[PDB]
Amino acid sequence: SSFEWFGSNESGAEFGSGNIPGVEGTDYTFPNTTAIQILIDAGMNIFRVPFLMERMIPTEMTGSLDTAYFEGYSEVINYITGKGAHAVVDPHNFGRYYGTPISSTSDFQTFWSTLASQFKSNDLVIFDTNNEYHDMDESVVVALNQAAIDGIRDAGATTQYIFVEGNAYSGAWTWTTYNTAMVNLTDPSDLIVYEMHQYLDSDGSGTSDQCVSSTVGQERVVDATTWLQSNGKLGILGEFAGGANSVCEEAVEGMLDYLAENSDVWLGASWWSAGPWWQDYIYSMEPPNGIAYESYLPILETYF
């Protein structure tokens, strides 16, 4: 292999974000375990599974677990890890709860204790503090990541890796601009990995199948790599995608090339995304039909 990890996001349980709590099979759905097996069969060994905070612990983030939503969610997590792959537990929330930016470190830490308690003995679980903090003050974002860490560990979830995420959608290309204060994160178990996202379209939003250039991928992860090398941190590219065309594919190959050459900071990547409701989606990695599945899986498998 080139990386310690390589996998895909498995979306569905976070869809219908406009509808809280929402109803399974209408607003949202869970990932298909059979389809995950196919990607395991192909050589993928880590799976990031988004979910909404408000659906997991309704009303208040110090509250109790929704039994139904948590069992739909855990069934997928226990399938991934029961097959010996890592499962990334991902509250897909942008640093906001019911749309308000999160500003209580003690409440966020209570949220994470409650959640991380239900997974404390599954070493294959990874905890992801929050998906893409944005438009919040840097200090608050940093403290929230430290709150999550504290609630995870104090819940006894002490062997699992913790993916922490930066401000500014935790993009790699803006990391040294917004997220230099994220060095000051500690963890008693010392298993912090910095999870960065990188898309290759003009604004980096990853909503287009067009890339800026066949070198834009590596160009957008060089700064972030020297920050990890300099300050002695580990990184994982938690989301990345390209359109099904040659220029994009060249840019993903050149970025992954660069990351794999720097294996000593970069532990791997995860594609955005797989999951059973993507259909026509320009980045769908979901078998048997997904546009990325046909075009990129043959490419990415070179790095497994």
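Residue numbers here begin at 1 and follow the sequence given.
Stretches 259-267 and 234-242 differ in mean CA B factor, with 259-267 having the higher one.
Between the stretches 181-189 and 77-85, it is 181-189 that shows the larger average CA temperature factor. For the set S205, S103, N130, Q160, the maximum C-alpha B-factor listed in the entry falls on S103.
The residue among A224, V141, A147, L115 whose C-alpha atom has the highest B-factor in the PDB entry is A224. Ranked by C-alpha B-factor against the other modelled residues of its chain, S17 falls in the highest third. The PDB entry assigns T174 a C-alpha temperature factor belonging to the highest third of its chain's modelled residues. In the deposited entry, the Cα temperature factor of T29 sits in the bottom third of values across the chain's modelled residues.
Ranked against the other modelled residues of its chain, the C-alpha B-factor of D90 as given in the entry falls in the lowest third.
Annotation for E10: CA B-factor lies in the lowest third of the chain's modelled residues.
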